[PDB]
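Provided herewith is a single structure, encoded as structure tokens, for subsequent inquiry.
All values below were derived from every heavy atom in this structure, side-chain atoms included, with hydrogens, water molecules and symmetry-related copies excluded. Residue numbering restarts at 1 for every chain, and letters A, B, ... go by the order of the sequence lines. Ligands are counted one by one from 1 in listed order, and the atoms in each one are counted from 1 as well.
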Number of protein chains: 2
Amino acid sequence: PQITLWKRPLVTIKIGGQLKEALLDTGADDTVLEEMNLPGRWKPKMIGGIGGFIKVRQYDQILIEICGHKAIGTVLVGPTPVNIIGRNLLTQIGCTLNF
Amino acid sequence: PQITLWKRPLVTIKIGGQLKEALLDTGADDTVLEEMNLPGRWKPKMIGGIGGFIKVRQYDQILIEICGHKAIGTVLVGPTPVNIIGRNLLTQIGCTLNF
Ligand SMILES: CCOP(=O)(COc1ccc(C[C@H](NC(=O)O[C@H]2CO[C@H]3OCC[C@H]32)[C@H](O)CN(CC(CC)CC)S(=O)(=O)c2ccc(OC)cc2)cc1)OCC
């Protein structure tokens with residue numbers, strides 16, 4: 001679809017068999033989801049934002065479906081204020097900015 | 001134009017008579033610019049992201065030219081690590097997400 005930005009670009013995603021709402025975030029290098037139980041191994045990582053850095057759990061090669069489009073890649077889980085879909089997965093679903 | 005997301009969506013902007021590089025950021029409700037001394041009144045504000053909140057100065061009705069497209073709206077100024085163009089101005093230049 002084509003998504004205007006008068007409202008937050010929130011979409012439904014499916015990860016680990018569960019549905020959630022997430023923000024398509026072109027300003028995010030990586031995809032960061034709120035605390036949740038994902039299967040598989042993970043490694044600790046740190047990522048920084050406007051307010052500073054947080055500790056996250058890095059899950060690699062995770063299947064995630066974003067508004068009906070499948071992606072497989074890195075998903076970070078931690079105390080983000082909002083579930084964000086970042087460029088690492090936006091590229092996989094073929095997302096571009098247009099004006 | 002169309003902007004792919006393999007790399008950060010950095011574009012040239014012109015504000016307050018100065019040229020700068022800024023991120024087109026669909027995850028940002030508002031526009032946050034690096035420290036700069038702009039004339040006129042302002043109001044204190046706090047904005048939060050990953051890592052917590054930062055203190056910024058809110059200036060209203062500021063003109064910004066983004067890749068030749070003019071926009072005028074609220075601009076927040078503070079110790080952001082990056083110039084961020086948020087939805088308040090992206091809507092005005094007709095920016096959409098597409099996949
Ligand atoms: C190389 C730069 O240095 P740093 O690492 C950090 O620089 C930055 C800082 C911010 C951003 C943009 C930010 N992205 C982000 O957090 O991305 C994370 C995930 O992927 C990583 O990619 C780069 C950072 C990592 C979001 O798009 C926008 N945000 C909202 C969003 C937060 C989840 C929804 C609530 S917002 O900015 O907080 C914001 C809140 C309210 C507003 O209006 C009221 C306007 C803006 C990009 C690079 O310095 C460390 C100290």
Next item on the list: Could you check which of B:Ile47, B:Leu24, A:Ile50, B:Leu76 puts a non-hydrogen atom nearest to atom 37 (O) of ligand 1?
Entry: A:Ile50
Next item on the list: Please work out which of A:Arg87, B:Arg8, A:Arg8 has its closest non-hydrogen atom nearest to atom 1 (C) of ligand 1.
Entry: B:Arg8
Margin query: To check your reading of the model: name the closest protein heavy atom to atom 38 (O) of ligand 1, its residue, and the distance in Å.
Written below: B:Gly49 CA, 3.1 Å
Note to self: Taking distance alone, with N or O pairs closer than 3.5 Å, would you say B:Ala28 contacts ligand 1?
What the structure shows: no
Next item on the list: Report the C-alpha separation of A:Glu35 and A:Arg57 in whole Å, then their side-chain angles, then the decisive distance to 0.1 Å, and conclude whether the salt bridge (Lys or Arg N to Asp or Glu O under 4.0 Å) test is met.
Entry: CA-CA 9 Å; A:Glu35 172 56 30; A:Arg57 301 188 325 261; 2.7 Å; yes
Check: Which of the atoms in ligand 1, numbered in the order shown and given with their element, are less than 4.0 Å from a heavy-atom of B:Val32?
Finding: 45 (C)
Check: So, does B:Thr26 use its side chain to make a donor-acceptor pair with the main chain of A:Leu24 at under 3.5 Å?
Finding: yes
Note to self: Please check: side-chain N/O of A:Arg8 versus main-chain N/O of A:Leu23, any donor-acceptor pairing under 3.5 Å?
What the structure shows: no
Item checked: For B:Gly27, the ligand 1 atoms whose distance to one of its heavy atoms is below 4.0 Å -> 28 (C), 30 (C), 31 (C), 34 (C)
Item checked: Nearest-option assignment for atom 23 (C) of ligand 1, heavy atoms, candidates A:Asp29, B:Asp25, A:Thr31 -> A:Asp29
Margin query: Just to be sure I'm reading this right: ignoring hydrogens, which of B:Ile84, B:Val82, A:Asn83 gets closest to atom 10 (C) of ligand 1? Compare them by their nearest heavy atoms.
Written below: B:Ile84
Note to self: Within this structure, what is the NZ-CG distance for the pair B:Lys45 and B:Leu76, rounded to the nearest 0.5 Å?
What the structure shows: 6.5 Å
Notebook entry, point to check: When you look for heavy atoms under 4.0 Å from ligand 1, do you find them on the side chain of B:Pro81, its backbone, both, or neither?
Noted result: side chain
Next item on the list: Please indicate whether any nitrogen or oxygen in B:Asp30 is less than 3.5 Å from any nitrogen or oxygen in ligand 1.
Entry: yes
Next item on the list: Apply side chain to side chain donor-acceptor pair (under 3.5 Å) to the pair B:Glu21 and B:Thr12, showing each step before the final yes or no.
Entry: CA-CA 5 Å; B:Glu21 291 272 277; B:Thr12 305; 2.8 Å; yes
Check: Tell me: protein heavy atom nearest atom 25 (C) of ligand 1, and distance?
Finding: A:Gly48 O, 3.2 Å
Check: Is it true that A:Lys70 and A:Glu65 make a salt bridge, defined as a side-chain N closer than 4.0 Å to a carboxylate O?
Finding: no
Next item on the list: Would you kindly specify which portion of A:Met46 sits under 4.0 Å from ligand 1, judged on non-hydrogen atoms: side chain, backbone, both or neither?
Entry: neither
Checklist line | Proximity flag A:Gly51 to ligand 1, non-hydrogen atoms under 4.0 Å | finding: no
Check: Are the side chain of B:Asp30 and the backbone of B:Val75 linked by a donor-acceptor contact shorter than 3.5 Å?
Finding: no
Notebook entry, point to check: Starting from atom 51 (C) of ligand 1, which protein heavy atom do you reach first, and at what distance in Å?
Noted result: A:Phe53 CE1, 3.5 Å
Check: Would you find more than 12 non-hydrogen atoms of other residues, nucleotides or ligands less than 6.0 Å from B:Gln2 atom CD?
Finding: yes
Notebook entry, point to check: For the residue pair B:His69 and A:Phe99, does the interplanar ring angle fall in the parallel (under 30°), tilted (30 to 60°) or perpendicular (over 60°) class?
Noted result: perpendicular
